[PDB]
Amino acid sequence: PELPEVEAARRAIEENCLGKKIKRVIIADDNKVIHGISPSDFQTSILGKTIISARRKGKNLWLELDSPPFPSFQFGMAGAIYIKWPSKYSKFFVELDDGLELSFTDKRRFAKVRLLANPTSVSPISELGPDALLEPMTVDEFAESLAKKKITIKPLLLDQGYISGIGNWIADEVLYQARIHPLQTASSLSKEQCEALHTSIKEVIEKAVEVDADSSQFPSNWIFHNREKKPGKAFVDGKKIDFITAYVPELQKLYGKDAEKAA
């Protein structure tokens, strides 16, 4: 789950779960998912409270209740929010006063659910870089921040401490759209390349959020649709897709020293 997916979950909670007292709570007895507190203490703490707002930074979601502490969700690889089982994969479950039920599931057990006095003042949220959607860097700030990073551009975009919210599919998408190879060193990007990337990040994220992360609604010219196909059967806009991370060799070339080291 990347920024769009988590944002869609946040909006869904905001539209259907606010101002409703929590009548029942079921926190899975999962030592791997439930972090920093016991399930029983977690259940006791939030019972009877109301959700005031749903917040998000990067791929992290948290619920502001009428009194702290607040529950936070680090999705992991298979985390998801459902609003109506109680699924055997539910980790966080609450029944509201109007009968509506809210659940965070994780079949893989890689998610992290916490209960914090102030989610934003402690890790992992406190260590996150600016949100790609809510706090975008300016064109010049972006170029300046890239100038001294001797890191290949894709992994840098995946560094939540640099910019938060981008995952593998968005990374592949913005680099493909900006015509930048994923192995190009950040500090080697020209001012023009930096701006092209600044633009693609804005456009891809806004479009994805515009359609509530419904990938079936992503533009057809997006590499997203075929970035998970077997080698030799992956094409976008008629051009061959290669894998290292999906990219299009004909449209994404390596430049300078990086190209030299590659060859």
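Numbers for residues come from their place in the sequence shown, where the first is 1.
Peer 1: Does the chain run continuously from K84 to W85, or are deposited residues unmodelled in between? Answer none, 1 to 3, 4 to 9, or 10 or more.
Peer 2: Count of unmodelled residues in between: 10 or more.
Peer 1: Deposited residues absent from the coordinates between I244 and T245, none, 1 to 3, 4 to 9, or 10 or more?
Peer 2: 4 to 9 residues are missing.
Peer 1: Do the CA atoms of 74 to 82 or those of 108 to 116 have the higher mean B-factor in the entry?
Peer 2: Higher mean C-alpha B-factor: 74 to 82.
Peer 1: Which has higher Cα B-factors on average according to the PDB entry: 119 to 127 or 86 to 94?
Peer 2: Comparing 86 to 94 with 119 to 127, the higher mean C-alpha B-factor belongs to 86 to 94.
Peer 1: Out of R55, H198, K233, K59, which residue has the highest Cα temperature factor in the PDB record?
Peer 2: Comparing C-alpha B-factors across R55, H198, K233, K59, the maximum falls on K233.
Peer 1: Name the third of the chain's ranked CA B-factors that contains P68, choosing lowest, middle or highest.
Peer 2: Its C-alpha B-factor, which the entry lists for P68, ranks in the lowest third among residues of this chain.
Peer 1: What third of its chain's C-alpha B-factors does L133 belong to: lowest, middle or highest?
Peer 2: As the PDB entry reports it, the C-alpha B-factor of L133 lands in the middle third of its chain.
Peer 1: Ranking every modelled residue in this chain by its Cα temperature factor as given in the entry, which third contains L100?
Peer 2: Highest third.
Peer 1: What third of the chain does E260 rank in for C-alpha temperature factor, lowest, middle or highest?
Peer 2: It belongs to the highest third of the chain when residues are ordered by C-alpha B-factor.
Peer 1: Among all modelled residues of this chain, ranked by Cα B factor, put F224 in the bottom, middle or top third, i.e. lowest, middle or highest.
Peer 2: Its C-alpha B-factor, which the entry lists for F224, ranks in the middle third among residues of this chain.
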